[PDB]
Each structure stands twice: as C-alpha cells, then as structure tokens.
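Just one chain is shown here, as structure tokens, and it is the form deposited in one PDB entry.
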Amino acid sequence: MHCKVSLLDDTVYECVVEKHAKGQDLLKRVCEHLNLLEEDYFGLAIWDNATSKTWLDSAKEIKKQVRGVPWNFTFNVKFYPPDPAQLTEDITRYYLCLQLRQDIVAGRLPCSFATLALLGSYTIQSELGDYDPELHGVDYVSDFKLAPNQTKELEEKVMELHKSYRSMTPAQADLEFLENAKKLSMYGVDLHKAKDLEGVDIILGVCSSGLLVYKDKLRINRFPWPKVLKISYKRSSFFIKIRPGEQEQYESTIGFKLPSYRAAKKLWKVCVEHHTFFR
C-alpha cells in the first residue's frame, strides 16, 4: 500500500508497506530512518487528521485504523520532554523545535509578543545562520511562519535579535529556543474538550505533569501521574481515581463526560500512555 506521511517540515515522505503492516511500529520505524532519528520513543510518533489528532496505534495493523480513510499520516512529537536539554541528540531537539513551531503557528502554544519574537529569532538563526547582509532586504524574515498572527512589528524584533546573534550554532539556537518554550505553560499539552458532572464546559489537558482541567483559563485542577491509581471510561464517561492529597481514607474519582465514547476512549488511551511514559 502507498503511504503518504506529512513530515514536521511541511514535506511529504512517501513509501510502501505490505498490506498487513503493523501500525507505526513499521511505518513509523520507517519514518524514523528517513529522518535519521535515534530517539524514536519520544514525542516522535505518527497520526491521521480531522480537526484534532488520533495516534496511529503502533501495535495494530495500519489497515483497521484507517477504514474509510486514505493512508495519510503526519509525523509528530507525541510525548514532549519536560527538559529537552536532557535529550541525547540535537536532531531530536531539531525536530522538537519543528513541532513546537508547528504548535506555535496553530495557537496550540499561545505566548506573548516578547516570547514570540524571542523564539522567532532563535528560529531564524537555526534556519539561516549568522545575519550577514546577504539575507538581503530589511525584511527577510517575512518568509517564515513565526506566529499565528505574524505582524511586521513582530518581525522587526526578530531581525533585531537575529542580528545580535553571531557565531551561534544551530544546535545552540535550538537549545535557547527550547529552554524558553520549555517554560511556557501549555508546552506539551494535549487539549481535549469535555464537560464536568454539572454541565460545565471544561477542558482536560494531558502532559508529562498529569491531568489538567481548564475553564476559560483557570488551571482549575491538576492530577499528577504518580497521584493516579486508575483511568477508565464507560460510554461518554471518562474516570480518573485516587488520592485526594491530604485527607487520607478519601480516594476520590472525578468524572467528566466527553462528546462520545470515541472521544473518551481516545482521552483514556492518551492518558494511559502518558502516565506510562513518565514516572
């Protein structure tokens, strides 16, 4: 079968697997190679579109997962590292920046004008290299996707910063971008729309920390992983259970209701994965 994987840099990789090819376990392992990635496990994992993602299950044939859908996927970071500097290679940081940049442009990682212009500049180093007036036209950055909005005023601050960067290697520019993104709240946060037993339109969020609840803003709640003993669902109901923190005896079980059992099994699936990838 002919696969079409949309790579992190708006590039399409194309290949062919046998009809009974196991999930990403094969397609993804294949994708790893093309990118010469060593640290597979991390974020890096593949999925198919439709508003919000759905990770191609790595242990099941690809065929079942795409019934009534073309064999098209996207290579992505599935598990964002808390501290990227701890990662072993730079290619890895290279792709992580590619992802975050992906996130930044689609408002998946909102941030200020400063933060944007900062990260923007480091992106310009990485991609371009030391200023050098060959990066002609006092408007060279105007070709990059640095911000969802993308205002000239923002570009200026970048070019301003880019110029002060000299002899900055790409790996360095990347680590500075990462040390900064690392800090943003929302970094590596899978947002899933839901509701709480009260009719309240809340928003769950998954990440290395644990389960996060939102409402307009308010990090309403935050259930850390080692502070979780069970995750489950029944129809459109999602359920996390255990430890109220202080009051012993108590072993709460907060529940939320997703639009469908599909949504819930999905969230349930992601959650079990994260809780397992991070101590």
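Under this definition, the rigid core comprises the largest set of C-alpha atoms superposing within 1.5 Å between the forms. Numbering starts at 1 and follows the sequence shown. Shifts are known only where both forms have a C-alpha.
Keep in mind the form deposited in another entry is missing from the figure; the text below concerns it.
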Once both forms sit on the same rigid core, is the C-alpha displacement of residue 229 at or above 2 Å between the shown form and the other one?
no
Once the core is superposed between the shown form and the other one, does residue 258 show a C-alpha displacement of at least 2 Å?
no
Do you see a C-alpha shift of 2 Å or more at residue 137 between the shown form and the other one, with the core held fixed?
yes
Tell me whether residue 89 and residue 48 end up closer or farther apart in the other form, going by their C-alpha atoms; the shift is 3 Å or more.
farther
Cα of residue 50 vs residue 105, shift of 3 Å or more in the other form, relative to this form: the pair sits closer
Once the two forms are fitted on their core, the residues forming runs of at least three in a row with C-alpha displacements of 2 Å or more between the shown form and the other one are 16-22, 24-51, 59-66, 134-137
